[PDB]
Amino acid sequence: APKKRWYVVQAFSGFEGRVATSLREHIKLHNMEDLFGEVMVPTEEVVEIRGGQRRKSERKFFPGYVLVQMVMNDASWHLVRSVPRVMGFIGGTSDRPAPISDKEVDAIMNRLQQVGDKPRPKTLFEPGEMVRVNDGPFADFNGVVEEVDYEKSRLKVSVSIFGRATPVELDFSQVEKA
Amino acid sequence: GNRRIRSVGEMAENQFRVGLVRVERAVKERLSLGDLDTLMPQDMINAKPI
Amino acid sequence: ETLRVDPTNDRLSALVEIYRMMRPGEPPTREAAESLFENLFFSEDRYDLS
DNA sequence: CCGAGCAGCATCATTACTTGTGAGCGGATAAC
DNA sequence: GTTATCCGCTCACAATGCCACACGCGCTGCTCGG
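S.K.: Quick one: what's the story with the overall build of chain A, residue by residue and with numbers?
M.R.: Counting its secondary structure elements, chain A contains three helices and 10 strands. Going from the N terminus to the C terminus, chain A shows its helices and strands as β-α-β-β-β-β-α-β-α-β-β-β-β. Relative to the globule expectation of 16 Å for 178 residues, the C-alpha radius of gyration of chain A, 23 Å, shows a markedly less compact shape. Reported as C-alpha extents along the three principal axes, the dimensions of chain A are approximately 75 × 30 × 25 Å. Relative to its full complement of 178 residues, chain A shows a buried share of 31%. A separation threshold of at least 6 residues defines the contact pool for chain A, and within that pool the share at least 24 residues apart is 57%.

The following block contains the structure:
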């Protein structure tokens, strides 16, 4: 009853995807699916409709690394080191890697449930920063966000109208810097 | 008798072969991953490194 | 005298010895040392005297 | 779609005859 | 065994000054960008 643990291997700067591909391909090559459970590359999908990048954006939990459900053995070890573009086994001493803890797996998977559940636009806003308005009704004016909302997403923002400052309910789509 | 000269020709073909082994590795891996018989023997190589 | 000094006496032991020697900090296994050796020499690809 | 910018890369084995000297360290070698 | 002794090996550290002239000095599949 060989329980395949979870290990992590260093990928390269901009190679992670094709690395995971080639990994599964070499698994199929040696038919060692029993030894290699799943190659996990967690990611994130931050969604903004305008502001350059539009309607989506793809982040990752952490670059340069790939997560595998391998089982520990020298054969599997070289099977992962006989791949195009990886570094050694991220962990303890080389040729004797350190499987990541189960708590790590559980926490990361809770992270994945959270991120995949709600498409959460990052580059968020903080109550107290000043910001302009690129929208028709208040073109190029500038006030301070007095409250940030996410579901309603309507930027309670104090701005100067008729002398007295007053809140305004303009949406994210028209905010300036910050 | 122990020190041979080496012209521009041999050195040039040597640099050729050296720049060639890397595209050899690359085309080997691209032939490995990619579809075996769906292509024309015209793009699996990248002559830019050569 | 050298055989007196000789640490190993077995062939596969010799391969794992040279495997550690050339590149330390790595898993000394039979196939890995064998590949390293018979591709350090005997390899028309990674070697050619001239 | 496709051109222009861009973000972190040993890009396998990338090897590499000395140069001459000094200092230090891990380990053989011997005294108590 | 201890205890120090010394030794083989490793690694750091130095390489005339000027000049002059010449040549050259990110990239590459991700990022963005409309």
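Next comes the rest of the description.
S.K.: Could you give an account of the layout of surface pockets, with specific residues and numbers?
M.R.: Each pocket or cavity is described by its volume, and for the largest pocket that value is around 1,600 Å³. Broken down by secondary-structure element, the contributors of at least two residues to the lining of the largest pocket are helix 1 (16–30) and helix 2 (74–81) of chain A, helix 1 (8–33) of chain B together with helix 2 (11–22) and helix 3 (30–40) of chain C. Ranked by the residues each element gives to the lining of the largest pocket, the list is headed by helix 1 of chain B, at 13 residues. Here the lining of the largest pocket is composed, by residue class, of 17 nonpolar, nine polar and 14 charged. Quantified by volume, the second largest pocket comes out at close to 670 Å³. If you trace the second largest pocket, you find 24 residues lining it, with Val47, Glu48, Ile49, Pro121 and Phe172 of chain A closest to the centre. Tallied by class, the residues present in the lining of the second largest pocket amount to nine nonpolar, seven polar and eight charged.

S.K.: Any details on unusual backbone geometry? Residues and values, ideally.
M.R.: Residue and element names in this part refer to chain A. The phi angle at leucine 155 is positive, at roughly 50 degrees, despite the residue not being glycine. Its relative accessible area of 2% is what places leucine 155 among the buried residues. With phi around 60 degrees, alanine 178 is a residue other than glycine that occupies positive phi space. Note on placement: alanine 178 falls in the segment after strand 10 (165–169).

S.K.: Before we move on, could you go through the pattern of salt bridges and cite the residues and values that matter?
M.R.: Evaluated as defined, the whole model comprises 15 salt bridges over all chains. In this structure, the salt-bridge partner of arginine 132 of chain A is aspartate 140 of chain A, at a minimum N-O distance of 2.5 Å. Close ionic contact of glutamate 31 of chain C with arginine 30 of chain C constitutes a salt bridge, the shortest N to O distance being 2.7 Å. On the accessibility criterion, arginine 30 of chain C (43% relative accessible area) is partly exposed. Ionic contacts of the salt-bridge type, sharing partners, join the residues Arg11, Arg30, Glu31 and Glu34 of chain C into one network.

S.K.: Quick one: what's the story with the packing of helix 2 of chain C against helix 3 of chain C, residue by residue and with numbers?
M.R.: Residues and elements named next belong to chain C. At their nearest, the axes of helix 2 and helix 3 sit 9 Å apart, and the two run at 75 degrees to each other. Between helix 2 and helix 3, the interaxial angle falls into the category roughly perpendicular. Residues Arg11, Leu12, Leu15, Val16, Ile18, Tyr19 and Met22 of helix 2 lie in contact with helix 3, whose contacting residues are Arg30, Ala32, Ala33, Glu34, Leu36, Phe37 and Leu40. When its residues are assigned to classes, the contact of helix 2 with helix 3 shows 11 nonpolar, no polar and three charged.

S.K.: An account of the pairing of strand 5 (residues 65–70) of chain A is requested, with residue identities and associated values reported.
M.R.: Residue and element names in this part refer to chain A. Most of strand 5 is tucked away: five of the six residues are buried. Direction of pairing for strand 1 (residues 7–10) relative to strand 5: antiparallel, over a ladder of four bridges. If you follow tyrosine 7 over to strand 5, its bridge partner there is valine 68. In the sheet, strand 2 (residues 36–40) pairs with strand 5 via three bridges, with the strands oriented antiparallel. By the bridge assignment, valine 39 is partnered in strand 5 with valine 68.

S.K.: If you had to explain the interface of chain C and chain A to someone new, which residues and values would you point to?
M.R.: Taken together, the contacts link seven residues of chain C with five residues of chain A. On the chain C side of the contact with chain A, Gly25, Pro27 and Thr29 of chain C bury the most area, a combined 75% of that side's loss. At the surface where chain C touches chain A, the tally comes to zero salt bridges. Applying the counting rule to chain C against chain A returns zero residue pairs in polar contact. In terms of residue class, the side of chain C that touches chain A is made up of four nonpolar, two polar and one charged.

S.K.: Talk me through the sheet that holds strand 10 of chain A; I want residue IDs and the actual numbers.
M.R.: Residue and element names in this part refer to chain A. Strand order in the open sheet formed by four strands is 7-8-9-10, with antiparallel pairing between adjacent strands. The sheet is open, and its two borders are formed by strand 7 (130–133) and strand 10, each paired with just one other strand. Across the sheet, the mean angle from the axis of one strand to that of its neighbour is 45 degrees, orientation sign disregarded. The pairing of strand 7 with strand 8 (residues 141–147) spans four bridges and is antiparallel. When the bridges of strand 8 are listed, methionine 130 appears paired with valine 144.

Calculation rules
Residues numbered from 1 in each chain as written, not as in the entry; some residues may be left out. Chains lettered and ligands numbered in written order. Part of a larger assembly, values for the part shown. Heavy atoms only, no water. Helix = DSSP H or I, 4+ residues; strand = E, 2+ residues; numbered from the N terminus. Rg over C-alpha atoms; globule rule 2.2 N^0.38 Å. Buried < 20%, exposed > 50% of the residue type's maximum accessible area, 1.4 Å probe, protein only. Contact = heavy atoms within 4.5 Å. 1 Å grid on protein atoms, 1.4 Å probe; cavity = no way out; pocket = protein on both sides within 12 Å on 5 of 7 lines; lining within 4 Å. Points joined across faces, edges and corners; volume = space filled by probe spheres on them. Nonpolar A, V, L, I, M, F, W, Y, C, P; charged D, E, K, R; others polar. Salt bridge = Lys/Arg side-chain N within 4 Å of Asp/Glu carboxyl O. Axes fitted to C-alpha atoms, helices over the stretch in contact; angles between N-to-C directions. Parallel < 35°, antiparallel > 145°, perpendicular 65-115°, else oblique. Pairing = 2+ DSSP bridges. Buried area = accessible area lost by both parts, 1.4 Å probe. Polar contact = N/O pair within 3.5 Å; in protein donor to acceptor, adjacent residues only side chain to side chain.

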